[PDB]
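Protein chains in written order, with PDB author numbering: chain h, 2 to 132; chain e, 4 to 166; chain l, 2 to 136. Cβ coordinates follow ideal geometry from the N, Cα and C atoms, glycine included.
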Amino acid sequence: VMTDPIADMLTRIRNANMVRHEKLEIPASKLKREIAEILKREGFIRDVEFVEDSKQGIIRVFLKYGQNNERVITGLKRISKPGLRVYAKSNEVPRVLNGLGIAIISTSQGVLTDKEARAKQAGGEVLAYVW
Amino acid sequence: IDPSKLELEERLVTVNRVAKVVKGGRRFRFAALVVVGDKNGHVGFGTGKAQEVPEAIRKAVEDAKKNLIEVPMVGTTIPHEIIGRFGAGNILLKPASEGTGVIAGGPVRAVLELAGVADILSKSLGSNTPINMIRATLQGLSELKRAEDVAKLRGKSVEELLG
Amino acid sequence: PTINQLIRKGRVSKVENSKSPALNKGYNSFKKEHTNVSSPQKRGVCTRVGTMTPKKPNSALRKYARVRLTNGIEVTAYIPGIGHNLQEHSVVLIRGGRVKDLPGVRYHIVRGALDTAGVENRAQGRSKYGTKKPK
RNA sequence: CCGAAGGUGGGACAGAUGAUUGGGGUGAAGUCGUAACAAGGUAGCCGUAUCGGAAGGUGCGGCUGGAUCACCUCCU
RNA sequence: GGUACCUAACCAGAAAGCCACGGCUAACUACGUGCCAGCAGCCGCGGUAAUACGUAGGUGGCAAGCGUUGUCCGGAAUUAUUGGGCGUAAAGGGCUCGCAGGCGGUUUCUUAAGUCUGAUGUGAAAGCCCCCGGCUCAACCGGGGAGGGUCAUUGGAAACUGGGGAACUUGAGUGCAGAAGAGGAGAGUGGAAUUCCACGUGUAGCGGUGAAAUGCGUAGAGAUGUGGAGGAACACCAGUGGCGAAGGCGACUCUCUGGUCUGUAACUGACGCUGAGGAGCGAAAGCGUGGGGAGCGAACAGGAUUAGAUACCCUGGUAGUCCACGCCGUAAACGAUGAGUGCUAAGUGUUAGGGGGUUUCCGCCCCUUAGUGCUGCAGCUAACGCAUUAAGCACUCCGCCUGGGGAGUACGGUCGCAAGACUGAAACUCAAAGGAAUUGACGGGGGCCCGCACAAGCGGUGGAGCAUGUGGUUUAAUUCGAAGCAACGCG
RNA sequence: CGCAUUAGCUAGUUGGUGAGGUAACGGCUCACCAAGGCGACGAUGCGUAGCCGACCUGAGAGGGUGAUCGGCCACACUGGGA
RNA sequence: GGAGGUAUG
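Next up, the structure:
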């Protein structure tokens, strides 16, 4: 059965990205929606729509490709998993691809990027890497 | 890439005597593997067969000159860590500090030194077959993203990227 | 394996073993037990001194000695160099080092230690054959 | 009263040694056959039972990790 | 201890060895030796030209040291948390059910165990690191700092995990309406065929093989007609068709009974996934008790074949194959591919449904589920190949692998009537074992083609006498060379 | 630290009442009550070992070591006692 | 045109 919705959402993006799809639709949740919003703010995806319905909602994500159809998102990794959680100290918050990518940490301040969390001297669960 | 404009050094990585069996005996040939590079961010490899070693090496150089790639280089090192993977060849390439020098295995070193990378850590994590180690190294080097172009793709300034 | 599997039953390292097991055992006479003490050399008494044929592709009459060590172990030791003075009851010193082509010969007799004479007329690499410097 | 050592007794556990005995490994050139590798000259292998100097043979079931030639479907 | 230290005088005079030099690896020649003597960390050296043995010369690496052995770490990603794998290389449990355990859908509130964070306390000296200073330098010595914890006390934050409460419906299940099916158990019934028994007709062989024989037959066989007995299996249908968790299930009828699939949105509202140990099931052979026994057929007998033939082949033939109950619990139990979930081009068959499109329909076309095949993108793979039925991309759980032999063995334990099953080593030994693919070679594999290759003919050799060459043997010497074709009236 | 080819262990054992004893709490000991306590989050048993600051190695995670120097513990021919 | 099923050395 479904065990890691966050991982599953990342995989939908990875798979859709791999075949240069324009858009994908992810079943929504509060945490998945926050991750999607970071990707837009950080310029990894084009746009994100939240469609309501009777069920839990759908996130339509529009992927972003440069000139020459180049994929902006090169890779996505799930770090914290249901089987092995990963929490980081404020000073041990990882940089991703030597600062060319981002890491998404869930903190008590909110769901931030690595840079944002570092400025607040906050740690927390390291959700994913994106580069 | 036009190799004429570039000043290309050539380095002989290996020469394996290979054999095709036929009636009566064995037809030996020599398979030279050569890397060439300008030492200023361009490097390529080629493979040439021939019955005599000099001719094998000549044919490798022409092949290598056809397949030059451009290796992104931040200062004297690579922009970020990468694991070059090709078949069982699996090379890890890490950026290093100034004055570290090139710390790499034999065939990997040829590629990096001819590419003109001065400071880099590497470690072969898979097969040490020269041809495949080189292919893995160049596959990995071909995946290096320069900070400037990433900013353009993501629609941000380099200041926002580095942070 | 899964992390949970690793928790429940960890990893197990391969048990590397010594190439010279006879040298890694001592003997306490009072308790009549073998102690576990690694030694660079062991003393022994030659019970039999003869020649063996090597396995192919080699051919020769290789001089060996069957030696009973101070720890009670019996080992076959190879006698290096040209010519030797060992007989039965010769007290010899063995060291590690297999002879590749002599099945079951895992130790060397040290030339120039205890009863084993140095090699006669040896002039190069003398230290390896217990031959004193001539004048 | 408690109480070391000692004594008696039957078990438990560990080691050493033992007539004799069983395979196992390794060895420059031994003897008997030729079981496997090609359709290996009876396709091979797996489990099981039984038989035989020896490899092995045969029966029942199973597998293609089977050659050659015919026929029915599928795909290009 | 008249030690350190200082001053003066004399003297290059007393003070360099060890290992290695084929490749890895810096450093080559001569001689002796001739698979001997020896060398060796690994590949390996040595069998009358050894840079690998021994010596000598020279060279190289170190140096009051230099080598050997032993032990620890590294290289070793070779136990992989960092950081590996399980289709064919070692590795998926034979399969299901399931306790504990691990993991778990969406919204909101709350709590603060995990989590993050502020302050405080503590982590002796020496040591490691950084900065200074004293021994003529260095080792060493000294001073000042830095650094170090799943640490404790006390506040704060609430996104995630955990606990509590209230909701939601997608997961899961129930209801309701349909569908297919060799799914299972029990009880019956039917037709073909083999064998046997009886009888009619009928006569000399039948059977079997590469060829034969053993065997059966004039005591009437085999062939042929009618009827009967009994046991086992179910032609055609029949189909990379169906059903089942797997093993497996195929004549028809009835009784009992499990599961799956489709639609529906009436209901419950996370009730789910996996699952060590455990329980149940599990082809064939085999075992115990008792039945049954046509065909087949281990063992065994005989006839052949053969150098032998404890085999293949032939004629017979016991256990067994069948049934009831119980036991055994293993298979190349295979898709050599664990279960669950989601995501990621298409084309094309086929099975069971649903909806629709022109219709009485038939049908054609379109769509949709769920299976079952082929081809084939992206991606993956050492390659072969996999590819919406993944071996792709991910997450959860379980099992298992760590070079080849020794060995699925020994000891112990559990199980079994027994056979044995499960669990499962080490000493010792090798430097390979292995996967895929490539080039050739070969096959008592296939195809095609050619040749005094065969076939169609002619004349010879092998026999005899002699010529000549060769072998053997004899010699004082019987000079030397040639040895399947491709040496032998050959040099 | 190792072993499941060690799975059950415990009977002052686990609590309670009272007394005794101790520098001192306490089954620490005794008497009397109850049947409890530990264990698959590995008890019990077997084997092995003084522990640590530190030392060696490694990029690190780790691995190995626990000599010299410092801290703590244990022991003094063997066993017990005061 | 390709896949699947039905004696010594």
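Sort out for me which residues DSSP pairs residue i with in a bridge.
| i | result |
| --- | --- |
| residue 28 of chain h | h:59 |
| residue 129 of chain h | h:79, h:105 |
| residue 64 of chain h | h:46 |
| residue 80 of chain e | e:77 |
| residue 42 of chain l | l:96 |
| residue 52 of chain h | h:59 |
| residue 126 of chain e | e:95 |
| residue 109 of chain l | l:79, l:96 |
| residue 97 of chain h | h:102 |
| residue 105 of chain e | e:123 |
| residue 72 of chain e | e:46 |
Helix, strand or coil for residue i? Go by DSSP, reduced to three states.
| i | result |
| --- | --- |
| residue 6 of chain h | helix |
| residue 93 of chain e | strand |
| residue 51 of chain l | strand |
| residue 58 of chain l | coil |
| residue 124 of chain h | coil |
| residue 85 of chain h | strand |
| residue 155 of chain e | helix |
| residue 73 of chain h | coil |
| residue 114 of chain h | strand |
| residue 85 of chain e | strand |
| residue 4 of chain e | coil |
| residue 92 of chain h | coil |
| residue 12 of chain h | helix |
At which residues does the beta strand (DSSP E) containing residue i begin and terminate?
| i | result |
| --- | --- |
| residue 52 of chain e | 45-53 |
| residue 12 of chain e | 12-25 |
| residue 66 of chain l | 63-70 |
| residue 34 of chain l | 34-36 |
| residue 9 of chain l | Per DSSP, residue 9 of chain l belongs to no beta strand (DSSP E); it is in the alpha helix (DSSP H), 4-9. |
| residue 37 of chain e | 28-40 |
| residue 27 of chain l | 27-29 |
With respect to the alpha helix (DSSP H) encompassing residue i, which residues constitute its N-terminal and C-terminal limits?
| i | result |
| --- | --- |
| residue 135 of chain e | 133-144 |
| residue 95 of chain l | It is not in any alpha helix (DSSP H) - residue 95 of chain l instead sits in the beta strand (DSSP E) that spans 92-97. |
| residue 112 of chain e | 109-118 |
| residue 61 of chain e | 56-69 |
| residue 75 of chain l | It is not in any alpha helix (DSSP H) - residue 75 of chain l instead sits in the beta strand (DSSP E) that spans 75-79. |
| residue 161 of chain e | 161-165 |
Beta carbons nearer than 8 Å to chain e: which residues of the stretch 97-117 of chain h have them? So the close ones are 98, 99, 100, 101, 116.
Using a beta-carbon distance cut-off of less than 7 Å, what residues from the stretch 131-164 of chain e approach chain h? Residues of the stretch 131-164 of chain e whose Cβ lies closer than 7 Å to any Cβ of chain h, in chain order: 148, 150, 153, 156, 157, 158, 159, 164.
Got a sec: which bits of the stretch 37-54 of chain h sit with their beta carbon under 8 Å from any beta carbon on chain e, in order along the chain? Those residues of the stretch 37-54 of chain h that come within reach of chain e (Cβ to Cβ, closer than 8 Å) are 43, 44, 45.
In chain order, what residues of the stretch 73-97 of chain h put their CB closer than 8 Å to some CB of chain e? Listed in sequence order: 73, 75.
To be precise: take each residue of the stretch 59-87 of chain e, compare its Cβ to all Cβ atoms of chain h, and keep it if any distance is under 8 Å. Which residues remain? Identification of residues in the stretch 59-87 of chain e having a C-beta nearer than 8 Å to some C-beta of chain h yields 82, 83, 84, given in sequence order.
Of all the residues that make up the stretch 89-101 of chain e, which are near chain h by a beta-carbon distance shorter than 9 Å? Cβ contacts with chain h: 98.
May I ask you to list, following chain order, the residues of the stretch 21-54 of chain e that have a beta carbon less than 7 Å from some beta carbon of chain h? Only those residues of the stretch 21-54 of chain e whose C-beta falls short of 7 Å from the nearest C-beta of chain h would be listed, and there are none.
Short of 7 Å Cβ to Cβ, which residues in the stretch 101-116 of chain e face chain h? Using a CB distance below 7 Å, no part of the stretch 101-116 of chain e faces chain h.
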